[PDB]
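*Asks:* Before I ask anything, here is the structure I am working with.
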Amino acid sequence: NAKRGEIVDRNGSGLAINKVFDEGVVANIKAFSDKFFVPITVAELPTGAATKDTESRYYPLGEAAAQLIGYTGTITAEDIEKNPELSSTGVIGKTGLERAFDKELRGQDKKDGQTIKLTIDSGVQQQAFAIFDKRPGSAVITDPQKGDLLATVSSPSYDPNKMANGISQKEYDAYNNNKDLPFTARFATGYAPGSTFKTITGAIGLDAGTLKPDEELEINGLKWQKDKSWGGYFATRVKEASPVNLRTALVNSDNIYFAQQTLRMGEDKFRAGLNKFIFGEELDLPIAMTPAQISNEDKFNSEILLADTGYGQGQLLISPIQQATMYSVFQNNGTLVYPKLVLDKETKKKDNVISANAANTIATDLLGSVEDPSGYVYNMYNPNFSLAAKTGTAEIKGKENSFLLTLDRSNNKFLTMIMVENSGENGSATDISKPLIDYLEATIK
Ligand SMILES: *C(=O)[C@H]([C@@H](C)O)[C@H]1CC(SCCNC=N)=C(C(=O)O)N1
């Protein structure tokens with residue numbers, strides 16, 4: 001009987017480890033149930049009860065990292081009849097990294113399982129989970145220049161220690177009957193990026209030459225369409241301002257400005273620049289994801305969809321992890337940095353996804369979201385720290401999702417991608433994210 005390997009964080013702190021507990025049994029079942037060898041619960045005894053020192057799989061961060069780490073279980077009859085070397089009372093990973101790394105972690109019952117060290121920072125993981133407070137959402141924090149996944153959070157969550165060691169049918173049905181679905185790994189689920197995506201459309205415009213950062217576009221009204229052929233669809237903005245240049249459009253969230261710049265460049269110039277990103281790519285992460293997509297077809301076949309895609313709507317599906325990877329070009333002078341989860345994995349990059357001038361131009365104008373008093377992220381303003389940010393929402397056809405992207409511009413050591421589902425009921429991502437941004441500005445700097 002070999003010991004299961006440990007999953008540890010970037011500092012060696014435990015994420016999936018082993019711990020000895022003093023657990024059970026070997027009218028009497030009701031007498032045992034009305035007071036607290038087959039273990040039951042962790043510890044003058046009823047008839048049939050006993051205690052023993054059993055080693056159990058333990059997760060220190062608990063629900064804070066449940067979807068990422070996953071849980072283990074007994075080797076089912078269907079599990080052993082699928083591979084080789086399986087004990088009747090063995091332990092196999094059922095989900096998360098406990099499954100994806102199960103081969104390395106279980107060993108052979110005799111060499112012990114190997115220890116896998118991750119990029120996760122436990123302190124960041126716990127902070128990033130604590131801001132949600134049962135709200136449905138996700139948070140992806142990364143080292144933008146190296147790809148390190150410092151945290152991958154999905155909310156709501158579940159207790160991984162009970163699912164692995166002993167959970168009642170009532171607690172499991174409560175987890176399954178949750179409309180928010182705590183078992184899903186929202187950081188790996190594809191969503192529309194929302195207004196935050198305008199950063200990338202802006203960069204693509206700067207490089208294509210059709211978008212001038214100092215050009216003063218005349219925009220009047222709260223809604224705009226190319227002509228009558230658009231029907232009832234309009235590009236809408238929340239505040240009236242004119243004339244609008246690149247910096248003011250990014251601070252005021254002006255879809256009319258970016259719809260016009262997207263129609264100005266055209267589907268070909270827009271797709272030329274989008275294709276340099278990781279659309280369609282399966283990544284090397286041990287997390288299962290559907291590749292990001294631009295639209296359902298190879299061509300928009302619709303000026304409405306072309307403009308809609310310009311500000312993160314339309315048929316865009318990008319997961320939070322893939323969104324973090326795409327947005328890393330602003331902290332690497334246009335170079336994209338793939339995400340890594342294992343700490344000793346080499347950093348993988350994709351050179352010149354956008355130009356260095358376009359990356360820095362966008363990144364500089366995004367300081368206004370935090371530093372200008374009228375900006376939407378002014379609540380997190382800090383005179384001693386350079387932070388660029390960009391809020392955004394995405395309407396799903398009568399619900400909205402809230403997105404917040406922040407970039408460390410003092411040392412380019414962190415990047416955050418936060419999402420709150422059903423933001424009309426659960427609030428924006430900007431309203432809950434300040435403790436996370438403050439925590440990261442002090443730790444990661
Ligand atoms: C993105 O650009 C969205 C649009 C695609 O729906 C707009 C709308 C929003 S917020 C308007 C409703 N909430 C008001 N408090 C913005 C944004 O700044 O998040 N961009």
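Starting from 1 in every chain, residues are counted up; chains themselves are A, B, ... following the order of the structure tokens, and ligands are numbered from 1 as listed.
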Please give me, as a VMD selection string, the residues lying within 8 Å of ligand 1 when counting only C-alpha atoms and all ligand atoms.

*Replies:* chain A and resid 194 to 196 198 236 to 238 252 to 255 308 311 to 313 376 391 to 395 400 402 to 403

*Asks:* Quick one: residues within 12 Å of residue 95 in chain A, only C-alpha atoms, excluding same-chain residues fewer than 2 positions away - as an mmCIF file with C-alpha atoms, in the first residue's frame?

*Replies:*
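File produced: out-v9.cif:
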```
data_model
loop_
_atom_site.group_PDB
_atom_site.id
_atom_site.type_symbol
_atom_site.label_atom_id
_atom_site.label_comp_id
_atom_site.auth_asym_id
_atom_site.auth_seq_id
_atom_site.Cartn_x
_atom_site.Cartn_y
_atom_site.Cartn_z
ATOM 1 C CA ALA A 66 -12.376 22.497 -5.067
ATOM 2 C CA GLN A 67 -13.027 22.655 -8.818
ATOM 3 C CA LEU A 68 -9.312 22.974 -9.608
ATOM 4 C CA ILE A 69 -8.005 20.298 -7.230
ATOM 5 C CA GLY A 70 -11.037 18.003 -7.286
ATOM 6 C CA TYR A 71 -11.553 15.007 -5.001
ATOM 7 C CA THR A 72 -10.889 11.263 -4.862
ATOM 8 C CA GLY A 73 -13.031 8.199 -4.285
ATOM 9 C CA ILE A 92 -8.625 7.172 -7.515
ATOM 10 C CA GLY A 93 -9.121 10.784 -8.567
ATOM 11 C CA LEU A 97 -6.176 17.686 -10.948
ATOM 12 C CA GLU A 98 -6.684 14.610 -8.752
ATOM 13 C CA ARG A 99 -7.900 12.883 -11.925
ATOM 14 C CA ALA A 100 -5.751 14.626 -14.558
ATOM 15 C CA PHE A 101 -2.591 13.765 -12.582
ATOM 16 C CA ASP A 102 -3.851 10.471 -11.141
ATOM 17 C CA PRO A 160 -14.044 18.540 -1.353
ATOM 18 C CA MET A 163 -17.025 14.416 -1.301
ATOM 19 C CA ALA A 164 -13.816 12.394 -0.913
ATOM 20 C CA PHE A 183 -19.505 21.519 -9.377
ATOM 21 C CA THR A 184 -18.765 23.392 -12.611
ATOM 22 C CA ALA A 185 -15.323 24.895 -13.248
ATOM 23 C CA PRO A 286 -4.265 19.906 -17.526
ATOM 24 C CA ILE A 287 -7.684 21.639 -17.421
ATOM 25 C CA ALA A 288 -10.286 20.591 -19.991
#
```

*Asks:* Write out as a ChimeraX atom specification which residues come within 7 Å of residue 203 in chain A when counting only C-alpha atoms, dropping same-chain ones fewer than 5 positions away.

*Replies:* /A:354,358-359,362

*Asks:* Selected residues, C-alpha atoms, written as a short mmCIF file (atom, residue, chain, number, x, y, z; two decimals), in the first residue's frame, please.

*Replies:*
```cif
data_model
loop_
_atom_site.label_atom_id
_atom_site.label_comp_id
_atom_site.auth_asym_id
_atom_site.auth_seq_id
_atom_site.Cartn_x
_atom_site.Cartn_y
_atom_site.Cartn_z
CA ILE A 354 -0.14 42.81 -31.47
CA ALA A 358 -0.49 49.15 -29.69
CA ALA A 359 -0.05 47.17 -26.46
CA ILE A 362 -3.96 50.60 -24.78
#
```

*Asks:* Nearest to residue 150 in chain A: which of A:250, A:407, A:124, A:174 is it, counting only C-alpha atoms?

*Replies:*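 The closest residue to residue 150 in chain A is A:124.
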
*Asks:* Using DSSP on the backbone coordinates, identify the residues of range 156-404 of chain A assigned to helix (DSSP H, G or I); present them as a compact mmCIF listing (two decimals) with N, CA, C and O atoms, in the first residue's frame.

*Replies:*
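Output file part-v3.txt follows:
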```txt
# COMPACT_ATOMS: atom_id res chain seq x y z
N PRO A 160 -14.70 19.69 -0.72
CA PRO A 160 -14.04 18.54 -1.35
C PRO A 160 -13.68 17.46 -0.35
O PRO A 160 -13.53 16.29 -0.72
N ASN A 161 -13.54 17.83 0.92
CA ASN A 161 -13.19 16.85 1.94
C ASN A 161 -14.35 15.89 2.20
O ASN A 161 -14.13 14.69 2.40
N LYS A 162 -15.58 16.39 2.17
CA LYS A 162 -16.74 15.52 2.34
C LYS A 162 -16.96 14.64 1.11
O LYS A 162 -17.27 13.45 1.25
N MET A 163 -16.82 15.20 -0.09
CA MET A 163 -17.02 14.42 -1.30
C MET A 163 -16.02 13.28 -1.42
O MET A 163 -16.33 12.26 -2.06
N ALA A 164 -14.84 13.42 -0.83
CA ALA A 164 -13.82 12.39 -0.91
C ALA A 164 -13.87 11.39 0.23
O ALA A 164 -13.54 10.22 0.02
N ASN A 165 -14.30 11.81 1.42
CA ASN A 165 -14.23 10.98 2.61
C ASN A 165 -15.59 10.54 3.14
O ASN A 165 -15.68 9.46 3.74
N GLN A 169 -26.37 11.88 1.63
CA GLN A 169 -27.20 12.01 0.43
C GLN A 169 -27.93 13.35 0.41
O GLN A 169 -28.26 13.85 -0.67
N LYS A 170 -28.19 13.93 1.58
CA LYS A 170 -28.87 15.22 1.64
C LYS A 170 -27.92 16.35 1.24
O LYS A 170 -28.33 17.29 0.55
N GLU A 171 -26.66 16.28 1.67
CA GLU A 171 -25.70 17.31 1.29
C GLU A 171 -25.31 17.20 -0.18
O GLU A 171 -25.06 18.22 -0.83
N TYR A 172 -25.27 15.98 -0.73
CA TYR A 172 -24.95 15.83 -2.14
C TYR A 172 -26.11 16.29 -3.02
O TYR A 172 -25.89 16.94 -4.05
N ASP A 173 -27.34 15.96 -2.64
CA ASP A 173 -28.49 16.44 -3.40
C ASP A 173 -28.62 17.95 -3.31
O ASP A 173 -29.07 18.59 -4.27
N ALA A 174 -28.23 18.54 -2.18
CA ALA A 174 -28.22 20.00 -2.07
C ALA A 174 -27.19 20.61 -3.02
O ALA A 174 -27.43 21.67 -3.61
N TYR A 175 -26.04 19.95 -3.18
CA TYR A 175 -25.04 20.41 -4.14
C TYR A 175 -25.55 20.25 -5.57
O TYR A 175 -25.26 21.09 -6.43
N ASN A 176 -26.31 19.19 -5.84
CA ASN A 176 -26.81 18.96 -7.18
C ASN A 176 -28.04 19.81 -7.50
O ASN A 176 -28.22 20.22 -8.65
N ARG A 186 -16.02 27.18 -13.63
CA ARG A 186 -16.40 28.31 -14.47
C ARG A 186 -15.20 28.95 -15.15
O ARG A 186 -15.34 29.51 -16.24
N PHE A 187 -14.02 28.88 -14.53
CA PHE A 187 -12.83 29.42 -15.16
C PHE A 187 -12.49 28.70 -16.47
O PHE A 187 -11.81 29.28 -17.32
N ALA A 188 -12.98 27.47 -16.66
CA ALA A 188 -12.76 26.72 -17.88
C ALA A 188 -13.95 26.76 -18.84
O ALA A 188 -13.88 26.19 -19.93
N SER A 195 -17.57 43.89 -22.83
CA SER A 195 -16.95 45.18 -23.16
C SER A 195 -15.44 45.19 -22.94
O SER A 195 -14.75 46.01 -23.56
N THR A 196 -14.92 44.34 -22.06
CA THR A 196 -13.47 44.28 -21.87
C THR A 196 -12.76 43.93 -23.17
O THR A 196 -11.62 44.37 -23.40
N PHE A 197 -13.41 43.17 -24.04
CA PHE A 197 -12.83 42.76 -25.31
C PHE A 197 -12.48 43.94 -26.21
O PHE A 197 -11.69 43.78 -27.14
N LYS A 198 -13.04 45.12 -25.94
CA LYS A 198 -12.74 46.29 -26.76
C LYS A 198 -11.26 46.63 -26.75
O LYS A 198 -10.75 47.15 -27.75
N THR A 199 -10.56 46.33 -25.65
CA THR A 199 -9.11 46.51 -25.63
C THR A 199 -8.45 45.82 -26.82
O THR A 199 -7.59 46.42 -27.49
N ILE A 200 -8.84 44.58 -27.11
CA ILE A 200 -8.22 43.84 -28.19
C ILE A 200 -8.64 44.40 -29.55
O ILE A 200 -7.82 44.56 -30.46
N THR A 201 -9.92 44.74 -29.70
CA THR A 201 -10.40 45.39 -30.91
C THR A 201 -9.71 46.73 -31.12
O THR A 201 -9.41 47.12 -32.26
N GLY A 202 -9.43 47.46 -30.04
CA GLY A 202 -8.67 48.69 -30.17
C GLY A 202 -7.27 48.45 -30.68
O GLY A 202 -6.81 49.11 -31.61
N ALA A 203 -6.55 47.49 -30.06
CA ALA A 203 -5.21 47.15 -30.51
C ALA A 203 -5.20 46.75 -31.98
O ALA A 203 -4.34 47.19 -32.75
N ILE A 204 -6.15 45.90 -32.37
CA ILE A 204 -6.23 45.48 -33.76
C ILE A 204 -6.46 46.68 -34.67
O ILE A 204 -5.90 46.76 -35.77
N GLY A 205 -7.24 47.66 -34.20
CA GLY A 205 -7.46 48.87 -34.99
C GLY A 205 -6.21 49.72 -35.11
O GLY A 205 -5.89 50.23 -36.19
N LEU A 206 -5.48 49.88 -34.00
CA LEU A 206 -4.23 50.64 -34.02
C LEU A 206 -3.24 50.06 -35.02
O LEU A 206 -2.58 50.81 -35.75
N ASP A 207 -3.11 48.73 -35.05
CA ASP A 207 -2.13 48.11 -35.93
C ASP A 207 -2.58 48.12 -37.38
O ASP A 207 -1.75 48.31 -38.28
N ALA A 208 -3.88 47.93 -37.63
CA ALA A 208 -4.42 47.98 -38.98
C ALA A 208 -4.32 49.37 -39.60
O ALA A 208 -4.50 49.50 -40.81
N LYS A 228 -30.70 52.06 -42.11
CA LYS A 228 -31.97 51.40 -41.85
C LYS A 228 -31.86 49.88 -41.91
O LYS A 228 -32.66 49.18 -41.27
N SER A 229 -30.88 49.35 -42.65
CA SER A 229 -30.80 47.91 -42.83
C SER A 229 -30.52 47.17 -41.52
O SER A 229 -30.74 45.96 -41.46
N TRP A 230 -30.04 47.87 -40.49
CA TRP A 230 -29.79 47.23 -39.20
C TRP A 230 -31.06 46.93 -38.42
O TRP A 230 -30.99 46.22 -37.42
N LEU A 246 -9.61 57.57 -28.71
CA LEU A 246 -9.42 56.20 -28.24
C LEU A 246 -9.43 56.14 -26.71
O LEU A 246 -10.13 55.29 -26.13
N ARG A 247 -8.69 57.03 -26.05
CA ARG A 247 -8.61 56.98 -24.60
C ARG A 247 -9.97 57.22 -23.95
O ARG A 247 -10.36 56.51 -23.02
N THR A 248 -10.73 58.21 -24.44
CA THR A 248 -12.01 58.50 -23.78
C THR A 248 -13.03 57.40 -24.05
O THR A 248 -13.87 57.12 -23.18
N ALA A 249 -12.97 56.76 -25.22
CA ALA A 249 -13.87 55.64 -25.49
C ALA A 249 -13.60 54.46 -24.57
O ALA A 249 -14.53 53.78 -24.14
N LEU A 250 -12.33 54.20 -24.25
CA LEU A 250 -12.03 53.09 -23.35
C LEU A 250 -12.43 53.41 -21.91
O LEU A 250 -12.82 52.50 -21.16
N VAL A 251 -12.38 54.68 -21.51
CA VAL A 251 -12.76 55.04 -20.14
C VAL A 251 -14.28 55.12 -19.99
O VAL A 251 -14.82 54.73 -18.95
N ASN A 252 -14.98 55.60 -21.01
CA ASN A 252 -16.42 55.81 -20.94
C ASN A 252 -17.24 54.61 -21.43
O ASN A 252 -18.47 54.66 -21.36
N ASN A 255 -19.62 51.97 -27.01
CA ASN A 255 -19.75 50.96 -28.05
C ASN A 255 -19.92 51.58 -29.43
O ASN A 255 -19.56 50.96 -30.43
N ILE A 256 -20.48 52.79 -29.50
CA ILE A 256 -20.65 53.45 -30.79
C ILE A 256 -19.29 53.72 -31.42
O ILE A 256 -19.09 53.52 -32.62
N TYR A 257 -18.33 54.16 -30.61
CA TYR A 257 -16.99 54.41 -31.13
C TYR A 257 -16.37 53.12 -31.66
O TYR A 257 -15.82 53.10 -32.77
N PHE A 258 -16.47 52.01 -30.91
CA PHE A 258 -15.83 50.78 -31.37
C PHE A 258 -16.64 50.07 -32.45
O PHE A 258 -16.05 49.35 -33.26
N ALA A 259 -17.96 50.24 -32.48
CA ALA A 259 -18.71 49.71 -33.61
C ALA A 259 -18.31 50.40 -34.90
O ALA A 259 -18.18 49.75 -35.95
N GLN A 260 -18.09 51.71 -34.84
CA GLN A 260 -17.68 52.45 -36.04
C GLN A 260 -16.26 52.08 -36.45
O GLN A 260 -15.97 51.94 -37.65
N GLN A 261 -15.36 51.92 -35.48
CA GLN A 261 -13.99 51.52 -35.80
C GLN A 261 -13.92 50.09 -36.33
O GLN A 261 -13.04 49.77 -37.14
N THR A 262 -14.84 49.23 -35.88
CA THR A 262 -14.88 47.86 -36.38
C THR A 262 -15.43 47.81 -37.79
O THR A 262 -14.94 47.04 -38.63
N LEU A 263 -16.45 48.61 -38.09
CA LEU A 263 -16.95 48.71 -39.46
C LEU A 263 -15.96 49.44 -40.35
O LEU A 263 -15.85 49.11 -41.54
N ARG A 264 -15.22 50.41 -39.81
CA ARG A 264 -14.22 51.11 -40.60
C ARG A 264 -13.13 50.16 -41.09
O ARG A 264 -12.75 50.19 -42.27
N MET A 265 -12.62 49.29 -40.21
CA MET A 265 -11.54 48.39 -40.62
C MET A 265 -12.06 47.25 -41.49
O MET A 265 -11.40 46.89 -42.47
N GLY A 266 -13.23 46.71 -41.19
CA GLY A 266 -13.82 45.66 -41.99
C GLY A 266 -13.56 44.27 -41.43
O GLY A 266 -12.63 44.04 -40.66
N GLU A 267 -14.40 43.33 -41.86
CA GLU A 267 -14.32 41.96 -41.36
C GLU A 267 -12.94 41.35 -41.60
O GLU A 267 -12.42 40.62 -40.74
N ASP A 268 -12.32 41.64 -42.74
CA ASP A 268 -11.02 41.02 -43.03
C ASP A 268 -9.94 41.56 -42.11
O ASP A 268 -9.21 40.78 -41.49
N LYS A 269 -9.80 42.88 -42.01
CA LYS A 269 -8.80 43.45 -41.12
C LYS A 269 -9.06 43.05 -39.66
O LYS A 269 -8.12 42.84 -38.89
N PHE A 270 -10.33 42.94 -39.28
CA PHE A 270 -10.65 42.56 -37.90
C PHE A 270 -10.30 41.10 -37.64
O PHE A 270 -9.74 40.77 -36.59
N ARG A 271 -10.61 40.21 -38.60
CA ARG A 271 -10.29 38.80 -38.42
C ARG A 271 -8.80 38.52 -38.59
O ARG A 271 -8.28 37.58 -37.99
N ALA A 272 -8.11 39.30 -39.43
CA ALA A 272 -6.67 39.16 -39.52
C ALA A 272 -6.02 39.33 -38.16
O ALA A 272 -5.15 38.54 -37.77
N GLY A 273 -6.46 40.34 -37.40
CA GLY A 273 -5.89 40.59 -36.09
C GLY A 273 -6.37 39.64 -35.01
O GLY A 273 -5.62 39.33 -34.08
N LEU A 274 -7.62 39.16 -35.12
CA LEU A 274 -8.12 38.20 -34.14
C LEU A 274 -7.42 36.85 -34.28
O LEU A 274 -7.15 36.18 -33.28
N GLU A 303 -23.34 42.65 -40.72
CA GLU A 303 -22.72 43.81 -40.11
C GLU A 303 -23.09 43.95 -38.64
O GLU A 303 -22.31 44.49 -37.86
N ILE A 304 -24.28 43.47 -38.26
CA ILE A 304 -24.66 43.49 -36.85
C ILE A 304 -23.71 42.62 -36.04
O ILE A 304 -23.22 43.03 -34.98
N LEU A 305 -23.42 41.41 -36.54
CA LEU A 305 -22.53 40.51 -35.82
C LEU A 305 -21.09 41.01 -35.82
O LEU A 305 -20.37 40.83 -34.83
N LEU A 306 -20.66 41.63 -36.92
CA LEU A 306 -19.32 42.22 -36.96
C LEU A 306 -19.17 43.31 -35.90
O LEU A 306 -18.17 43.35 -35.17
N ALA A 307 -20.16 44.20 -35.79
CA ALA A 307 -20.09 45.25 -34.78
C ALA A 307 -20.27 44.67 -33.38
O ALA A 307 -19.56 45.06 -32.44
N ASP A 308 -21.22 43.75 -33.22
CA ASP A 308 -21.46 43.12 -31.93
C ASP A 308 -20.20 42.45 -31.41
O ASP A 308 -19.85 42.59 -30.23
N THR A 309 -19.49 41.72 -32.28
CA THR A 309 -18.23 41.08 -31.91
C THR A 309 -17.16 42.11 -31.55
O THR A 309 -16.22 41.78 -30.82
N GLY A 310 -17.30 43.35 -32.02
CA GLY A 310 -16.28 44.35 -31.74
C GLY A 310 -16.23 44.75 -30.28
O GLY A 310 -15.18 45.16 -29.78
N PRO A 320 -12.48 32.17 -19.09
CA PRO A 320 -11.66 33.09 -18.28
C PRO A 320 -10.17 32.84 -18.39
O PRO A 320 -9.39 33.80 -18.42
N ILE A 321 -9.75 31.57 -18.43
CA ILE A 321 -8.33 31.26 -18.59
C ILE A 321 -7.85 31.73 -19.96
O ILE A 321 -6.77 32.33 -20.09
N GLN A 322 -8.64 31.47 -21.01
CA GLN A 322 -8.28 31.94 -22.35
C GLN A 322 -8.35 33.46 -22.45
O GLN A 322 -7.57 34.07 -23.20
N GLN A 323 -9.26 34.11 -21.70
CA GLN A 323 -9.31 35.57 -21.68
C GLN A 323 -8.06 36.14 -21.03
O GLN A 323 -7.49 37.12 -21.52
N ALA A 324 -7.64 35.56 -19.91
CA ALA A 324 -6.40 35.98 -19.27
C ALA A 324 -5.21 35.82 -20.20
O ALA A 324 -4.33 36.69 -20.24
N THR A 325 -5.17 34.73 -20.96
CA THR A 325 -4.07 34.50 -21.89
C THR A 325 -4.08 35.54 -23.01
O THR A 325 -3.03 36.10 -23.34
N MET A 326 -5.25 35.83 -23.57
CA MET A 326 -5.32 36.84 -24.62
C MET A 326 -4.92 38.22 -24.11
O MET A 326 -4.20 38.96 -24.79
N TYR A 327 -5.38 38.60 -22.91
CA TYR A 327 -5.11 39.95 -22.43
C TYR A 327 -3.67 40.15 -21.98
O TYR A 327 -3.25 41.30 -21.79
N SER A 328 -2.89 39.08 -21.83
CA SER A 328 -1.48 39.19 -21.44
C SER A 328 -0.63 39.96 -22.45
O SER A 328 0.51 40.30 -22.13
N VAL A 329 -1.14 40.23 -23.65
CA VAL A 329 -0.32 40.94 -24.63
C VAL A 329 -0.06 42.38 -24.20
O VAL A 329 0.93 42.98 -24.65
N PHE A 330 -0.89 42.95 -23.33
CA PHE A 330 -0.72 44.33 -22.91
C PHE A 330 0.41 44.51 -21.90
O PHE A 330 0.94 45.62 -21.77
N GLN A 331 0.81 43.45 -21.20
CA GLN A 331 1.90 43.51 -20.24
C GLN A 331 3.19 42.90 -20.77
O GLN A 331 4.18 42.83 -20.03
N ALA A 356 4.07 46.32 -30.23
CA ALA A 356 4.44 46.88 -28.94
C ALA A 356 3.84 48.27 -28.74
O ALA A 356 3.47 48.63 -27.62
N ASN A 357 3.72 49.05 -29.81
CA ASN A 357 3.12 50.37 -29.67
C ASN A 357 1.64 50.26 -29.34
O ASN A 357 1.13 51.02 -28.51
N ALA A 358 0.93 49.32 -29.97
CA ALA A 358 -0.49 49.15 -29.69
C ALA A 358 -0.73 48.64 -28.27
O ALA A 358 -1.66 49.09 -27.59
N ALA A 359 0.10 47.70 -27.81
CA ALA A 359 -0.05 47.17 -26.46
C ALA A 359 0.12 48.27 -25.42
O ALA A 359 -0.71 48.42 -24.52
N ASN A 360 1.18 49.06 -25.55
CA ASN A 360 1.46 50.11 -24.58
C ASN A 360 0.48 51.26 -24.68
O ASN A 360 0.15 51.88 -23.67
N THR A 361 0.00 51.57 -25.89
CA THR A 361 -1.00 52.62 -26.04
C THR A 361 -2.28 52.26 -25.31
O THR A 361 -2.85 53.09 -24.59
N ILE A 362 -2.77 51.03 -25.49
CA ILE A 362 -3.96 50.60 -24.78
C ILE A 362 -3.70 50.55 -23.28
O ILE A 362 -4.49 51.07 -22.48
N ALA A 363 -2.58 49.94 -22.88
CA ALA A 363 -2.28 49.77 -21.46
C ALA A 363 -2.18 51.11 -20.75
O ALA A 363 -2.60 51.23 -19.60
N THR A 364 -1.64 52.13 -21.43
CA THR A 364 -1.53 53.45 -20.81
C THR A 364 -2.90 54.11 -20.66
O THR A 364 -3.21 54.66 -19.60
N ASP A 365 -3.73 54.05 -21.70
CA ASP A 365 -5.06 54.64 -21.61
C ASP A 365 -5.93 53.94 -20.57
O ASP A 365 -6.86 54.55 -20.04
N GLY A 368 -6.56 55.26 -16.90
CA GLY A 368 -7.66 56.19 -16.66
C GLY A 368 -8.87 55.56 -16.00
O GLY A 368 -9.63 56.27 -15.34
N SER A 369 -9.06 54.24 -16.15
CA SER A 369 -10.18 53.59 -15.49
C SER A 369 -10.01 53.58 -13.98
O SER A 369 -11.00 53.53 -13.24
N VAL A 370 -8.77 53.64 -13.50
CA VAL A 370 -8.48 53.60 -12.07
C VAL A 370 -8.11 54.98 -11.54
O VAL A 370 -8.46 55.32 -10.41
N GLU A 371 -7.41 55.79 -12.34
CA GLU A 371 -6.84 57.04 -11.86
C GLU A 371 -7.74 58.25 -12.07
O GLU A 371 -7.64 59.22 -11.31
N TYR A 378 -12.42 53.69 -10.15
CA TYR A 378 -11.77 54.69 -9.32
C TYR A 378 -11.83 54.31 -7.84
O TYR A 378 -11.01 54.81 -7.06
N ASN A 379 -12.76 53.44 -7.45
CA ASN A 379 -12.82 52.98 -6.07
C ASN A 379 -11.53 52.30 -5.65
O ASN A 379 -11.16 52.33 -4.48
N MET A 380 -10.81 51.69 -6.60
CA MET A 380 -9.56 51.01 -6.31
C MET A 380 -8.34 51.86 -6.62
O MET A 380 -7.24 51.33 -6.76
```

*Asks:* Going by DSSP on the backbone, which bits of range 134-228 of chain A are strand (DSSP E)? Write them as a PyMOL selection string, please.

*Replies:* chain A and resi 137-142+149-155+223-224

*Asks:* At a cut-off of 8 Å, using only C-alpha atoms, what residues contact residue 347 in chain A? Leave out same-chain residues fewer than 5 positions from it and give the result as a list in words.

*Replies:*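 Listing them by chain and then by number gives residues 146, 147, 337, 338 and 340 of chain A.
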
*Asks:* To one decimal place in Å, what is the distance between CA of residue 241 in chain A and CA of residue 209 in chain A?

*Replies:* 24.0 Å

*Asks:* So how far away is CA of residue 316 in chain A from CA of residue 193 in chain A, in Å?

*Replies:*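 According to the coordinates, CA of residue 193 in chain A and CA of residue 316 in chain A are separated by 7.1 Å.
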
*Asks:* Extract, using only C-alpha atoms, all DNA, RNA and protein residues at most 6 Å from range 50-63 of chain A, discarding same-chain residues fewer than 3 positions from it, and format them as an NGL selection string.

*Replies:* :A and (15-25 or 66 or 157-159)

*Asks:* Residues near residue 242 in chain A, anyone? I mean within 7 Å using only C-alpha atoms, not counting same-chain ones fewer than 5 positions away, as a ChimeraX atom specification.

*Replies:* /A:218-220

*Asks:* May I ask for the distance between CA of residue 375 in chain A and CA of residue 153 in chain A, given in Å to one decimal place?

*Replies:*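 Computed distance, CA of residue 375 in chain A to CA of residue 153 in chain A, equals 26.6 Å.
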
*Asks:* Using only C-alpha atoms, I'd like a table of the residues in range 75-145 of chain A that come within 10 Å of range 419-423 of chain A; for each, show the closest atom pair and its distance in Å rounded to one decimal, ordered by chain and ascending number, as CSV.

*Replies:*
```
residue,atom,partner,partner_atom,distance
A:132,CA,A:420,CA,8.1
A:135,CA,A:420,CA,7.1
A:136,CA,A:421,CA,5.4
A:137,CA,A:420,CA,4.2
A:138,CA,A:419,CA,5.2
A:139,CA,A:419,CA,6.2
A:140,CA,A:419,CA,8.8
```

*Asks:* Using only C-alpha atoms, which protein or nucleic acid residues come within 12 Å of residue 384 in chain A? Drop anything in the same chain fewer than 3 positions from it, and give the result as a ChimeraX atom specification.

*Replies:* /A:371,380-381,387,409-410,438,441-442,445
